[PDB]
Structures are given as C-alpha cells and as structure tokens.
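Chemist: Chains as they are written, first to last, in the working numbering: chain A, 4 to 108; chain B, 56 to 159; chain C, 23 to 75; chain D, 4 to 108; chain E, 407 to 1520; chain F, 145 to 393; chain G, -10 to 146; chain H, 212 to 306.
Ideal Cβ placement from N, Cα and C applies to all residues, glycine included.
Handing you a structure now.
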Ligand SMILES: C/C(=C\[C@H](C)CCCCC(=O)O)[C@@H]1O[C@@H]2C=C[C@@H]1OC(=O)\C=C/C=C\C=C\[C@H]1O[C@@H]3C[C@H]1O[C@@H](/C=C/C[C@H]1O[C@H](C[C@H](O)[C@H]1C)[C@@H](O)[C@@H](O)/C=C/CC/C=C/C2)[C@@H]3C
Ligand SMILES: [Zn+2]
Ligand SMILES: [Zn+2]
C-alpha cells in the first residue's frame, strides 16, 4: 500500500480481492451463527467459493471482478505469477539496473 | 547446508495455518489520514511484522540481543522490517472452497 | 582518397555498347512483325538482350 | 546444454561428407570449401584418417590446416567422408561433452 | 548573392495551395459563407438530411416528426490564442433550425437548437484541441464499388465484395463453398444467398435461365427446394436468421436497411458507386443495393447482376476479369471534412434514438425541439474524434517543412475502415498509378512502411476522394497550354509524354517520343502522343522535391534525405542552402510560419515585437511577432523582422522570417566549407569531424525550450498549495521565487532548483510526545506540510522564459476533477554543436559529430581558409547518393563565384554547366593569387606531379594549367593543418548544405550509481535527485549466459535491483572498501516461494542430502 | 519456400506445402498418363504402391528408374515426420541440419554445423512408450531416462520388460515445451497447467539447466557457476604450511 | 565577455523600438574588436547610450581614455522611433576561444555572459616558393601572409 | 593492450573458468587482508602513474593475476577443507 501524492493511494490490487473475500466469509459466517435461512446461505456459499475463485484466478468462469468505477479486471494471485513481470518471467526478461547509464556513441 | 533442488507440493490446511503467524480473517486495512495499519486486517503489524525497523508501535527497547519481544497492549514483535516481506497470514473460511486451478 | 564526380568514370565502350544494343532491338521488333517470334518469344528475346548488354 | 564433463566416452560418430549429390542431375561434386570447414573445423576425429601418406590419429582435433589438407586429400580421391565426433551423437544427455563439440571456443 | 537559375521546362502551373487537402476540405462540409438554401449536400449539410425526417414509434399512427430545415455555425467564444492559453478547443456552437409536426397539426420551428460544439480549422489546416495544435491526417480505404477478388482460402475460385461508402451501408461479401452453396456474408453472419434471392423474388427457373450453362454452379445455389418458397416467407426466415429473437412478418423492416433508402447502402447519391458498378457489372443502375417500395415488394438491382459476373469469372468469357484492389481508381481519400462529417453521422445517429426515446416518454401535446434534443450525443461523438482518434496526431512542428508535410500525409490505417498493424503487403509496395499522385518516396523505414505516405506536390484529391495529377493535352503535334488534371483510371486510356522530352517553341521536336501508357514505359511517334507531363516535380513529395540533384541520388538515400529534413531543427543563423530546387520559397509561404504583407502598402513601425504597416489607404494593421515561443517538439518558433522603417512593401512579401527561414526561403541548416576525405579514424563509419570554427561562429546553434507543468489538487488530507513558503527551505533556495512560489523570468535554473514551490499535506504519522517535548525546547516549529515542489529534473536546466497559470474558476479554464490551479514554467536553452549531435544533408548522408578540431588542424586551402567539416568518402559508394558529390562541386563554384544556385529536380545543373562555372571560378580564385603576388607553391607542384601519374591532370600542361585541370574536376590541393605538408593527391572540397537534426547528446546520456527504488517493484526506477537505471533485457541475459559470466549475471539479477538485503550489503561494502558480496539468498527466490505459498502449494527447498533448508531464517 | 520462414519450418518440424511425395517402399518406377491424370507407381516384387500427383507436379523420377526407402519422387520440400518413420532418426537429424544450413549458406551466412546439431538433437530428446515395464503404456519419455530403465532391467535387476519405445521427432517448440523442470516449464504459454500438475506429484526440480536458476536468482550452473570449477580453492605458500601445523592437533 | 542592457533579463528577450533582439545584438557584439592601448588595461567596461531613430553602430560607443574601437561602422541595433538602449558591455583580455558557458559573468545580474573569441589573428596562410639566391636548383622561399583585426599587428602577432 | 600475460594464464589451468575462479578467489583474500598477503613482494608489485610518483596499484584482481603468474600459489580442487580454510585465514593481521 503506497501513497501517491497526497491521500491518493496505490493499493496492490490483490489486496482488494483479499477483502472481497473476507467480507463474504464474515457475511456467510454471520448468517450461519444466528438465523440460518436455507436459500440465503446457499447463495452466500455460492459467493464464497466465487470469492476464492477471484483471489486465485479472477479471469475464469467468466465474470471478472470489477472495481467500483472501472471495468478493468484487476489482477489475481494468478496474474502475479502469470508471466510478463510475473515472478516466473520477471528475471529472464526485465529488471532495471543499479550501475548503468547510456549515451550516444 | 545449501539449496540444490526445489520441490513443489500441495497445501495441508494444517500447514497453511502453520505458516500463518495470525489471522487476517478480520476486517480491512491502511489509515490514509494516519499511516497506521488497521487492527487485525491486511497489514496489521500485530500479525505480520513491525512496519518500522525493530521498535514497537508505541515504545519498547530497540535492542539487538533480546530476540522476540511483544508489547503491553499491542502485539508487535521487535525484529527487523524485512519480516513483512515474508510472514504469512490466513483467512479461515467458514466452509469449503475449491482451488479453481484443480477445478477449471 | 576522395570521390569526385569524374571518379564515377563511365567506360568509353558504353555509348557504342548501347548503339549496338539499340540496333539489335530494332532487329527484334522487325522479326516479330513477320511472325518468326511469338508474343512471348519476342519478349524473352528483348529481355535477354538487355540482360546481356 | 552445457559442457559438463570432458568426454562421455561413447564411440558412435558422424560421417561428414565432402561430396554432394544434386538430385536434379544425380551428379556428385566436391562441396564448397567454406561448408567443408563448417563441418570439420575444430572437430575431433572419431576414428583415424589416413591419406596422402599422413595418418590423422584417433581423436585428433582438426585444425584449419588439417581441414584444408583433408580437402586436398579428397581431391586426390583418398577421402570421401570424415569420421567425426559430434553433438548429434554425444552421450552425456544434459549437455555435450568436451571431446564432442570440440574447440570453437 | 545573385542567384543563377537552371534548366528549361517552363513551369506551366505553379504548385497548388499545398495545404489545399485540409483547408478546402473543411470549407465544403461547412458552407458557413453560403445561404442555408443552397448548401448542396455532403458535409454537415447532408449529415443532417441523412437523419432528419425522423419518425417515432409505429408506422403512421402516432404523431410527432421533427424535421431539419437548416443549420447555423456559431461564433468563436474564445480567440485562437485564449484557447491555447486557457486550455480549450477552438470551437463554435452549432445550431439546428428543426421543426416538429403533429397529427392535429402544429408546425413548431423552435428557434434553432444547440446540438453541440464544432471545432474550427485554422488558416493553417490545423486544429487546436484542449490547447495543443492537432492535425487530422487524411486516411485511405477502398473506394466504394463492386469488386469480386480472388479467394485466399480456395484456389481457382472467387469472392464478391459489395462495398459502400464508409458509415453509409454494410460490407456484403459473396463466396461459393466446396458445397457449391453461394452464401451471403454480412455483418459477420452467413446464410445461403438463395434465401435473399428468394425474397427479391427470383424463382427456381428464372435463376437457371439467367445463371446456367457456365459451370455446374447454379446446381448448388439450387437444391434448397425447401426455401425456394413464398417470397414473404423467405423474408421472415431471413429476418429470424439475421436477428435471432423476434419472429414477426415486419421483416420488410430490417430488410429495408440492407436494401433501399439513404439510411444504409448509399454507395453514392449517383456517383463512384453506381458509375463503377455499371462498367464492371452489367450496366443500368440507380443508387442502392436493390429497391424496395416499388409498390410493396423489393426489386433487385445489384445482387443478381453481381452474381452473374461472379459466375462469369469462375469460367467466363474474356472481359470478365479480376479487379486491381490496389489501383488508385479503387482507392479513395477521406479528407478531414468527411471524417469530421462522418462523425456528425455518429452524433446525430445517437441524437435520434434519444429523441424517439423521449417521443415515447412524453406527452405529445407539449413536446418541442429543445425538449427532444439533448446537445450531448453530437458533442461526445465529435469531441471523441478530434481528441481520441488515431488520425488526430499532435502536430509535427520541428520546422516549417515538417509541419506543412504533416498535413499532406495519407494513411491506410486509422479507424474501423483501416487495416491493422499486422496485415497488408501487396498494399505497401509503390503500385504503378502512384505516379504524380502519391509519392514513390517518403514512407517511414520500418513497421508502417507504405501504410503511410505523402501527397505529391501537384496532386489534388477531388470530388470523390480520387487524387488527380495535372497533364498537358498535346493537340497532335503542338503542346497546348491547357492543363488537364485526371484520375488514376482516366489515365490508363491515354498515351502521356514525359516532361524530360524536348520541344521547339510550343511543339514536340524529336522523332522518337518517350511516354507511358497504362503503366508500361513506351516509345511512341510524336503524332501518336496525346498528353504531356507538366513537370517531373509532379512525381515526388514536397520534401522529396527539395533535393537539388535527386536524379543522381539512389532512391533509398533520397528517402533518407527526404525525411531527416523534417528532423532539421531551426537555427539562429539559419540559412537557405547554396544549391536550391525552387520550392524553398514557396514551402515557407504555404506553411504560414513567415509573416507576409496583406496589400502593397508602406511599413511604418518595426521592432523585435511588432511590424506595423500602413497599407495603401486601407487603414493600418500591426502584425505581432511570435517571439521565442515553444513548438510542440521543443524547437523555438520565433519570428524576426526582415524589413526596415519607412519602406514600400511588395504586394505580399516577407515582412518577417519564420523559425527555419532566411529572407522568405527555406533554411533547414547551414552551408559550410566541406572536404570529402578520411581523417584519422575520426570520420570512421558515419562520424563527422567538425571545426571549432563553427562554434566560434555560433553556426550550428539552436535554442531549445522545455516545458514543465505542475497541478495542485484537493485531497482527503487537505489542499495541495502553491506557496513559496516551503518548509525548512533556506531563503537562498527560495531565492528565485516570486511571492507566489513560481520562478522569476530570466532566472537561470540548474537541476534541483525549485521551479514552482508546492506544499502537500500528507499524514505519514503522529509525533508521539518527548519528540513533541523536544520540538518546542529547541525551537523549529513542527509543520503540517511536506515539500513536494516542482524542481528541475537531473540533466535539464536553462533560462526561465515564461510562466503560465490556470486556476479552477478563471473564465474559460476547465481543469479535470480534483485539479485546482495549474502552473507552467517554460525554460529556454541555447544549444551549440556538440560531439554526439547528428548532422545530415539533403541526400541522406546522416552522421554524428565525433570530433571538433581547432582550426590549427583542419585541412585548409592554400589561401589560408580552413574547411569546416571533414566528410568521409568511404561513405559515398555503397549508398549511391552521388548528388551530394555534385552538390559539393557546384557549391565550390559558388564560394568563389559568389552566388547561390537554383537547380531543379531532373532539370537542374549538368556537369557541362557545373564545370563551366568551376572554370570561371578558378579564373577569379587564381587570378587573385597571381594579382596578389603568388602561384603554385612547391606543395602543389609535388601533388600536381603525382596527380598526372594518377591520370587526373593532362601531362604537358603548366602547373597553373594543371591546377585548373583539377579545380575543374572539382578537387583541390588541400594542406594538412597539423603539419603544413600537403595531402598527397588532390581532395574534392566545396560548400555543402548540412542540417542539425532533432537528436542531441544533451537530451540523451544518463548514468546512475544508486538511489530511488520504487516501493511497488523494488527495483530502481525514476530519480528525483540522481536519475535513471538501465534495463537488462532477456537478450542480454543470454549474452551473459553465453559468456560464462555467472556472478555478473547474478549481480544484475539481485544486488542492483530488487534484492534489498543485497544491494544494501553491497553499497555498505563499497563505502567501506570491502569486497562486496556473499549475497545470502537471491531475494527473487524468497519472493517466488512466498508468492507460491499464497496460492497454496508447499514448495520445499532441499539440499543434496534431500532434507530441507529454510532460505529465510525468520 | 526460402529464408527465415524455412528455418522455422525446419526447426519446428513442420509438414510443409508441396510435401513432394517420397516412396514409402523400395522398388521400380513407372510414370503413367499425361495431362488427363498423372500418377506414379513404385512397385517392387510383391507390393505395388501408387502415388497420385497434382498433374502440374514436376516429378523427378523418369520411368523405369529404381528407387529407395524414402526417396523423393516429386521435387519440393520433404516432410520431416514422413522421413522419420520411413527411414529412421539419424536420417532425420541429417536432413534438418543440412537443410537449415541450405539457407544460411545460400544467403551469405557462415556458421558451424555443431550449433545446429546441438539444437537438432534436442528435437530428438523424447520417445513414446510401446509396451512398458513400470509406468503407463503411452507416456512420452526422455531418451536417456528410458535407458535408466532399459539397461537397468536388463543387468542387475534383470527381467520384466526392456520397455519398447518409438523415435519421436519433436519440433523445437514442442520439445522446449515438454521439459521436466517445472520452473522452466512455467515461463511458457500456460504457467497454470505446469504448476497444477507439478504440485499434484511431489515434483522436484534439481535445477540442472540455466533458464531455471536465473528464474530463482541463483548463480547460473555454467562458466564460473559450473560445478566442475567453482569449488576451486587457492591456498598461498605460507598459508598452506601454517594450515598444516594445526591439522595434527 | 558580457553585456548589460537596460530592461533585459536574459538573452531570449527583446527591446522595443529595436528591430534586433538580445540574441542577435549579442552575435553582433561578438564581432566588435577593441584595441586596448594601456597594457595595464586588463578589463574595461564600455558604455553605449542610444536613442530615437538611429542605426546604432559600434562607433556610436562612448570613447574612453585607453580604448580604440577598431571596427566602427559594424551594426549593433537598428532603432525605430521610440528606441532607447543603454549597454554596459565588458571587454576582457583573454586568449583563444572561451565559450560563454565556461567563464560566466558577475557584473551584477541580468548580465548574460558572452562567448569570447579573443584571437586577433583573422587568418594565416604561407607560401613555400622557388627562390633566386645563387645556390641549388632546390632551395626555399617562405612567405607567411597573416591577416589581423587591426587591434594587433600582423608584425606583433 | 589485452590482459597482461593472459595467454600464459589460460595455459596454467584446465577450463579457463577455473582461471577466473582462482583470480577472483585470490583477489578476494588479497583484499580481506590489506595486501599483507602478496607472494610477489620485492620489486614485483604492480603500480600506478599519477600527478605524483609510483604508488601501489590498488587493483586486487590485477595483483591476483600477476601473483598467480609466478607459480607461487596453488589450486587445490579439494585440498584443505572449507571448515579449516576460514580458520588460519583470520590470523596474520586480519582485523
Ligand atoms: C503510427 C501512427 C501514428 C504514430 C503516433 C506516428 C507515426 C509513426 C511513423 C514514423 O514517424 O515513422 C498511426 O498514424 C495514423 C493512424 C493510425 C496509426 O496510429 C498509431 O498506431 C498510434 C498512434 C496514433 C496517434 C496518436 C496520437 C497521439 O499520440 C501522441 C500525441 C498524439 O499525437 C502523436 C503525434 C504524432 C506525430 C508524429 O509525426 C511524425 C513524426 C513523429 O512520429 C510524430 C511527431 C511526422 O513525421 C508526420 O509526418 C507523420 C505522421 C504519421 C501519419 C500517420 C497517420 C495515420 C503523439 C505520438
Ligand atoms: Zn507496543
Ligand atoms: Zn560426448
């Protein structure tokens, strides 16, 4: 969580999904404690799987987890790893370097 | 000893919790007006590492040879800031949840 | 060493070489007017002249 | 593929030819100088080659002189193939051996 | 300097207004100076008509119509400049006099309506959009018509394409499969053609009658007995097929779209669609792919007769050929006007749905225009274009030519109707036809090669988007003065004679007349010739036209020098080249970067600021000079007065010069004393050697202007504020800030200097006491505000030349949400040639200054004059840009003869002329040496000697007579500066115009040791104090693997990037003179392992004994 | 086809346009019929195999000619998969190298064969099982790791099944694709498949190659990071004898 | 070496009633050549005041005890009705070519340092010719030419 | 002016990389003791030109290569165990 100029923030984006999930777990975890309607818990349970679906591999099933505002799909624990700067490939591909420099030859 | 092979496996819920250091199965985080991580939430110092290098979140002994210290009210361990790179958390689900990987 | 324009010297042969090439081209069109050479034949012949020249 | 141990020890080889068969004309010609070197330079002899009153010992690394001689020695009709050690038949799996490949450092 | 003009062919037509493409396009889409009665279609005028007898729900029961009568272009609320200052788009409101009728009657013409805002084009050809001048490039697509084509997926067969005007109908393709079935492909849906044909009433037996016995092709189109049915039922089934869902018999409804009316398929009102669909196809047409309301049933007009030619090409008598898709009689040009107008279509299209929407929501008694119209679908559709379409570039402003040339660009990419950046190779090649219209030379070297191009000097886009070149009708012998611009197609039927061709008086003079026809170069009898080229200038671009000896330059290097000129930055002592081609005065004219008189009067006032002239009677105007203003590319457009106090002005003549202009002529660089020889490895490969002399004479020096910008936004933490009250800052750091926070003008600014002070709030903690106790006791008042000012970035700096302020509020000013006030600081910088800079010449001889020499060195003529730049011969032969060589020779004349030259393209100087002038020159140059008391010193005699052994001088001639020999061949005896000893064997020396290009070492060249590490990626990136950090690509990763460089690779992978632990250990070691490493564990490793745990998955790390390791210890 | 497209065609083992037929069998040639329909028979004693040609096809065996196992009948390019089965794996290797070079050569380039060889061999790294001893009967296995079973179950623990296999021409990409170590395998088009699988099996790397260790940030297993050299210690005259006088204590 | 102009702050400025701008005026000044006279004279400061419809031209400078403008004529600033000027132009004694970016000038602020082209020598050439002086048919007659801006003499140089 | 004496240096060893590794491993020790570790001493030490006279060249690896080139050091591939290698190392004036 990094602060862009002022009180604007750069949240990891994975951090987002990692709440989407804790809110369902605590909703479909309250319902069950006091007042357990059948159909209601069902859809909450269908949601809590779907919430873990998002943290893992957002893009799948079909509906991507949007963010209140934009339709950009936001990255999942899969994307962190799924190449192009994605952990497995970042090294053999990129990395900016600390004793360098250029110029016209 | 020095590494020579790397082996990937599956995660026994007994390990995922063995890793964990604490449970972020509690609210949501980062103060914006202050910069303090919110209690029992995705950055809580109490469960991962101290956000600051050694030192607590109010005032303790900024030592070196004492190894593993937890405070009066708050629960922060005075032991280098790199820790927050590595300490795991966990969310204890209320029911099931399949790894979509092994699903789809 | 430098390159001035008169250093891109054209051979004294080129003029005649092309006069000669011109003449043989007249002899190729005339040879088609008769019927010796097919449409294609005469093309090929014209092309194989310039390639050589 | 990395040079991992000097010589796997195996005794298959490759037979780099010095003549070429033109499928159009069925004819044979002694191959372009350049290509010969590209098959031979810096190779290690698999089995001995005798020609023009010269023995080339088993497992000799062939210099550019040697190749150049080998081509002379093929025009005098004494040599048709060269029994040469190659990566195609090296036996160290996870990389070629020192004695295969040979040279082009 | 007196100018000598070269060559014959007397230019019958001057070059047309140039920016004609742009400027005259708009006009005819905006008949703003023509009464709304006339306004004969096209443009905005038609785009209304195309939409505006607009009905409402149901077919003739519910009332309300709303009909367009006339539009009115508004008036600009902000002056061309306010706009560029306040950050606005030069617009004018657009009003529609609409009229809504009823079923009980009531003709309400609501006094116009505001439908949106129309961006106005400048005199230039250019737009202004949210500040910043944008240019809309003209695109090209397939000129609508009917085409056929071969079939890429099935050999020996063909497809058929029915392509209408863009945004005026859908793309209909016809293709026969291995089934036999003919299939219509429209809107990416594919049904059996028959179904349509059934609808248009063709009967199983009529088809065979019409379409049989060439091929067993009908046999396939047949068999669907099942739907060779009731033409009404056909219609239903086809509607179900085209829009799955609604299954009723009002299928006339949609089928009326891909049929009749000027809703969709309007392949023309009666133009290049009908016309060309007639000649290719079976003649006789109206204007729509089929006609509907014949009486209540469709009547086919194009579908079958196309199919005819489709079958009649799958066997087919000769005459039923394929079609040349790349012919310019098949390629159309969407100019600005039309694209802008096409965008009205999208606008008004949307505006209608949202009227018919409000016709349904509202009580019909009170609904009015103004109450039906919204004013935002026209805006958002037309704001979107000028702002966000690919075709709307910035505006290449480096120099006058660069800009001018931008406007005349043509590109096959762009929006929708446009090929992607992964298709088209047959397109790219310079197809025959391009001649006189498009340039065989201008295209960018890679990627979009051929996908973008220059419009040719004399070319003109016409009536319907076809480029037309001028020709000279020759009435069977005499070359008439009448000039006939004609199509790419209206050309393949004539025999046109070249301009290079001679003449006597007004008629052809030779007996074997060269000419082409269709495409083939042809030799032809004089009486057998019909038309004539007006000039060779016809054939090439504006820039390609500026190369004085193009004829002698290989076309590759020509294209390099055609661009590259467009990179040529303007200079303080900018100077028109020694050897010109003619357009150099006019290029500057049509660019309007130079200021010219309005109506022959008399200048009254003249200063660096204004030129004010009293025009004969007609009042008095003051012309303000734009002065050291900053071009889009950071170049410094600045006008200089070229006219004196109290002087009579020539009609419309140079009152002032532009940025790259010398007394009205184009000045992209300097002409300068050159010597083509190797130096000492200093002009190796492409490098140039310079004489310091040029810097002392401040020659190749130019003024660049950066532009810095800062915003103050509101924040959950408080407002970003633009103070000069910046915390902790020494009143010496603040020294250059006015009482506002913004640097003074004329302030000299070095890197790390506050340009605009700005405090932001930020809540990074709370100070726990003791610290608060300490704070007071020792004085310094704890502050609520962080520094965050502007500041000059590492590398930059210069003189502060202007500020700009825009506040949320302020009249015309509209900054984005959050942003409240914006500051802009402009910083000038004299530049001066530098090792690392790159000079080019007109023949594409690019290269970097690699060594400046002091005049003590530098080859020098005998008279003492040193040369200026030493250019390597080894450069010449491989590229075949021999024009540069010739240019040096004519130039050498000039130097001595004291003149510049105008040598037209394929019409300029010949050697015969050049050597005559070199003769005249040597006679004055050597006449001086004699008349001063000298002649041919030992040094020249020693050369001249071996010079004949070199067969380069005539033996048995005097050393003086032998010197001339050489001077005429264009070479001279140079003298080595270092050591007075002569260069053995003569050197060609002369004046060559050479440009300084957009690139400079100043802007490049960066070097980091350490510093700013991103908090996100943890690898060095960006630099507030120290800068930079270079990428180690996967290609370099290979190299290091290829070399055995284990640790070096691992260094680049850990301690100089993410590895916090490592870098820190390393830098703490270098500071202390320690060896550095022993990097504990690649951070990369830890990261991945943990980034894996997060996804379940154990990832055990194990040593050779196969037990675990823990790469962490914590 | 020529140029780079050829070199890929080759390095990727790609069954080209104009496969220009080869005879599957030895025997005697017999061209039959012109313009109407063009077919060619290579019929030996016994079998009569027939090879129908485009008709336009510029065949390069004239009637009567005797022919070879996999010999070209027609001209054009040759399928490297048709060549494998008809005429083995070496003949394949020898085609690939000599064809790839046919272009670099044809143009201007001069490079040594070994490079192309090194790569080509990798195209032959794996083989598919027919009738196994341990594992499932269909799986693709590395040529060497099958000998880890073939000449293992026919020596010390001799018996069962020698594990029969088949030669398997892998295109450069495909071969790169099927590469044991998951770390490396991850960097290719679908990282999930790799990990999903490799997680189910207690899969281990060992990190033999380089693409691996760069991923981890480990010191490349080559050059100075070669096991054969990096353990090399340097002791220094007086350091050695002084180190000797604390060894017998 | 550098200039003061009245109401000018940097080079990229302009002065009203002056067709010239500061840049172009400076390119002028560069060419001006001041002969010194006193050899104690290390660095003076010239002062020119100009006004009204005048072509200001070097020689329009203020004369000073130990200063001889060697190239009067020479354009400095064409002035139109309503043009002032007042320059403080500083002449230093140096050698060779010192770029303005190298030296800098603190004759107060708004000073704009000027590129320094010191050398009096304007061009040199030399002639190795045949002599008539009764020895070998292979001797040398040298003649160096030398041109200078009259501030120092060919001979002195 | 390629690496001084490198032809000789390449010949000293089996696999060239070994050479690097020794140079490195030596330039290592030769640094972690202020050069009080040289074998070459007398008037063999490499040196530096200046605005000043000949000073001891401060380049470990440069020294390391000069050193090696005199046969005075030895390459144990496995001679003297790593546990005992860091032992008697920190002895002759290390800190
Ligand atoms: C690639 C491209 C535009 C590029 C940004 C520029 C062209 C690059 C080719 C080259 O310079 O070699 C395309 O262009 C248009 C439509 C789709 C494509 O869009 C594209 O693929 C990509 C972008 C298209 C439009 C982008 C618009 C905006 O992007 C930035 C701000 C807006 O304007 C851009 C300015 C572009 C002007 C360029 O002008 C050229 C020199 C530099 O490339 C630039 C100064 C001049 O030489 C000028 O004569 C060339 C004009 C190109 C004419 C092409 C028109 C078709 C600028 C880069
Ligand atoms: Zn605490
Ligand atoms: Zn081997």
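Leaving out five residues before and five after residue 136(G) in sequence, what residues of the same chain have Cβ atoms less than 8 Å from its Cβ?
Modeler: For the purposes of this step, residue 136(G) is taken as the residue at position 147 of the seventh chain. 110, 111, 112, 113, 143.
Chemist: Across which residues does DSSP place residue 136(B) in a beta bridge pair?
Modeler: For this step, residue 136(B) is matched to residue 81 along the second chain. Answer is none; residue 136(B) lacks a bridge partner.
Chemist: Which residue's Cα is closest to the Cα of residue 58(G): 146(G), 145(G), 140(G)?
Modeler: For the purposes of this step, residue 58(G) is identified with residue 69 of the seventh chain, where counting begins at 1. The candidate whose alpha carbon is nearest that of residue 58(G) is 140(G).
Chemist: Excluding the 5 residues flanking residue 148(G) on each side, which residues of the same chain have their C-beta closer than 6 Å to its C-beta?
Modeler: Lying before the first or after the last residue shown, residue 148(G) is absent from chain G, which here runs from -10 to 146.
Chemist: Of all residues in the structure, which have a C-beta closer than 5 Å to any heavy atom of ligand 3, taken in chain order?
Modeler: 11(D), 93(D), 100(D), 103(D)
Chemist: Tell me, please, whether the CB atom of residue 338(F) is closer than 7 Å to any CB atom in chain A?
Modeler: Along the sixth chain, one-based indexing puts residue 338(F) at 194. No - not a single Cβ of chain A is within 7 Å of the one on residue 338(F).
Chemist: Three Cβ pairs or more, each shorter than 8 Å: is that satisfied between the segment 407 to 417 of chain E and the segment 716 to 724 of chain E?
Modeler: no
Chemist: Under 7 Å from any heavy atom of ligand 2, by CB: list those residues in chain order, please.
Modeler: 111(B), 112(B), 113(B), 114(B), 115(B), 126(B), 127(B), 128(B), 129(B), 131(B)
Chemist: Label residue 113(B) either buried or exposed according to how many other C-beta atoms from any shown protein chain fall within 10 Å of its C-beta, with 16 as the threshold for buried.
Modeler: Stepping through the second chain from its first residue, residue 113(B) is reached at position 58. Its Cβ having fewer than 16 others within 10 Å, residue 113(B) is exposed.
Chemist: Output, in chain order, the set of chain H residues within a Cβ distance shorter than 7 Å of residue 374(F).
Modeler: On the sixth chain, position 230 is the one that residue 374(F) refers to. Within chain H, the residues near residue 374(F) are 232.
Chemist: Assign residue 1234(E) to buried or exposed, taking buried as 16 or more other Cβ atoms, counted over all protein chains shown, within 10 Å of its Cβ.
Modeler: Residue 1234(E) sits at position 828 when you count from the first residue of the fifth chain. Under this definition residue 1234(E) is a buried residue.
Chemist: Taking 7 Å as the threshold (C-beta atoms), are residue 117(B) and residue 127(B) in contact?
Modeler: Residue numbering aside, residue 127(B) sits at position 72 when the second chain is read from its first letter. Residue numbering aside, residue 117(B) sits at position 62 when the second chain is read from its first letter. Contact flag unset, no.
Chemist: Going by DSSP, what residue range makes up the beta strand (DSSP E) through residue 20(D)?
Modeler: On the fourth chain, residue 20(D) is found 17 positions in, with the first residue counted as 1. Run containing residue 20(D): 17 to 20, per the beta strand (DSSP E) assignment.
Chemist: Mind checking whether residue 104(G) and residue -9(G) have CB atoms under 7 Å apart?
Modeler: Counted from its first residue, the seventh chain places residue 104(G) at position 115. Counted from its first residue, the seventh chain places residue -9(G) at position 2. Cβ atoms of residue 104(G) and residue -9(G): not closer than 7 Å.
Chemist: Whose C-alpha, out of 116(G), 82(G), 38(G), is nearest the C-alpha of residue 154(G)?
Modeler: Residue 154(G) falls outside the range modelled here, since chain G spans only -10 to 146, and no answer is possible.
Chemist: Which residues in the same chain have their Cβ closer than 6 Å to the Cβ of residue 591(E), if we skip the five residues on either side of it in sequence?
Modeler: Taking the fifth chain and counting its residues from 1, the one referred to as residue 591(E) is at position 185. Answer for residue 591(E): 579, listed in chain order.
Chemist: With a Cβ-Cβ cutoff of 7 Å, do residue 56(G) and residue 22(G) count as a contact?
Modeler: Position 67 of the seventh chain, counted from the start, is the residue given in the question as residue 56(G). Position 33 of the seventh chain, counted from the start, is the residue given in the question as residue 22(G). Contact: no.
Chemist: Measuring alpha carbon to alpha carbon, tell me which of 86(B), 104(B), 157(B), 62(B) ends up nearest residue 76(B).
Modeler: Residue mapping note: residue 76(B) aligns to position 21 of the second chain, counting from 1. The option with the nearest alpha carbon to residue 76(B) is 104(B).
Chemist: Between the C-alpha atoms of residue 300(H) and residue 290(H), what's the straight-line distance to the nearest angstrom?
Modeler: Residue numbering aside, residue 300(H) sits at position 89 when the eighth chain is read from its first letter. Residue numbering aside, residue 290(H) sits at position 79 when the eighth chain is read from its first letter. One C-alpha to the other measures close to 15 Å.
Chemist: How about residue 52(D) and residue 88(D): are their beta carbons less than 7 Å apart?
Modeler: The count along the fourth chain starts at 1 and reaches residue 52(D) at position 49. The count along the fourth chain starts at 1 and reaches residue 88(D) at position 85. No, the Cβ-Cβ distance between residue 52(D) and residue 88(D) is not below 7 Å.
Chemist: Residues of chain E with a CB under 9 Å from the CB of residue 202(F): which are they?
Modeler: In the sixth chain, residue 202(F) corresponds to position 58, counting from 1. By Cβ distance, chain E contributes nothing, its closest Cβ being about 18 Å from residue 202(F), past 9 Å.
Chemist: With a cut-off of 5 Å, give the chain-ordered residues whose Cβ is closer than this to any heavy atom of ligand 1.
Modeler: 543(E), 796(E), 799(E), 800(E), 802(E), 812(E), 815(E), 817(E), 819(E), 820(E), 850(E), 858(E)
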